[PDB]
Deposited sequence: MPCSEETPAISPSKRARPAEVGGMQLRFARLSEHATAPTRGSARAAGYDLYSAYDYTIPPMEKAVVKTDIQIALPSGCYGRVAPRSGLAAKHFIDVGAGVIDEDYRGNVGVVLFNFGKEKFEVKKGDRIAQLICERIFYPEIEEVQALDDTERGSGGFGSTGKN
């Protein structure tokens, strides 16, 4: 169905797909970050999103950033009921120092289909 979103500021960019059948919607940064080596930043999208029923939005890493700059994505479980600013938890591993500019595609968002089951205790 529909991935509804709203901007929270002029700095936000609409999620965009890299190709017709890309799994993820790229998420852009709303600000500049300087993230030191072996550090973490919570990067802001300045968007709230409303995920379709029966899924959640998984923040996943891009492969170019992972493979080329040693960037990972922490956290990344966006719940169907979350109406706040979507944050991307980025990990800068390895040497150097990762530089994020406003408008940078730093992750991607996937509508992972899940169950919400009732839980029931019974008796590598």
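Undergrad: Would you list the gaps, meaning deposited-sequence stretches without C-alpha coordinates, in the order they occur?
TA: Deposited residues absent from the model fall in 1 to 23, 147 to 157, 159 to 164.
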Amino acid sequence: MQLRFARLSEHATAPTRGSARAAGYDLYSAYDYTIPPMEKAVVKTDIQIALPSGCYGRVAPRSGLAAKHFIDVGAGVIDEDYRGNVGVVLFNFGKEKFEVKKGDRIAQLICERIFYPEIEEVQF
From here on, numbers count along this sequence of modelled residues.
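Basically, rigid core = biggest C-alpha set you can superpose within 1.5 Å across the two forms.
Undergrad: Is the larger C-alpha RMS shift in 6 other deposited structures of this protein, relative to this form with the rigid core superposed, found in 91 to 99 or in 38 to 46?
TA: Larger mean C-alpha displacement, comparing 91 to 99 and 38 to 46 in 6 other deposited structures of this protein, is found in 91 to 99.
Undergrad: Looking at the entry, does 76 to 84 or 30 to 38 show the higher mean C-alpha B-factor?
TA: So the stretch with the higher mean C-alpha B-factor is 30 to 38.
Undergrad: Got a sec? Mean C-alpha B-factor, which is higher, 107 to 115 or 20 to 28?
TA: If you average the C-alpha B-factors of 20 to 28 and of 107 to 115, the larger mean comes out for 20 to 28.
Undergrad: Could you tell me which third, lowest, middle or highest, the C-alpha B-factor of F91 occupies within its chain?
TA: For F91, whose C-alpha B-factor we compare with every modelled residue in the chain, the answer is the lowest third.
Undergrad: Please place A6 in the lowest, middle or highest third of its chain according to the CA B-factor in the PDB entry.
TA: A6: CA B-factor falls in the lowest third of its chain.
Undergrad: Which third, lowest, middle or highest, does the C-alpha temperature factor of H69 belong to within its own chain?
TA: CA B-factor rank for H69: highest third.
Undergrad: Grab the CA temperature factor for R58 from the record and place it in the lowest, middle or highest third of its chain.
TA: Lowest third.
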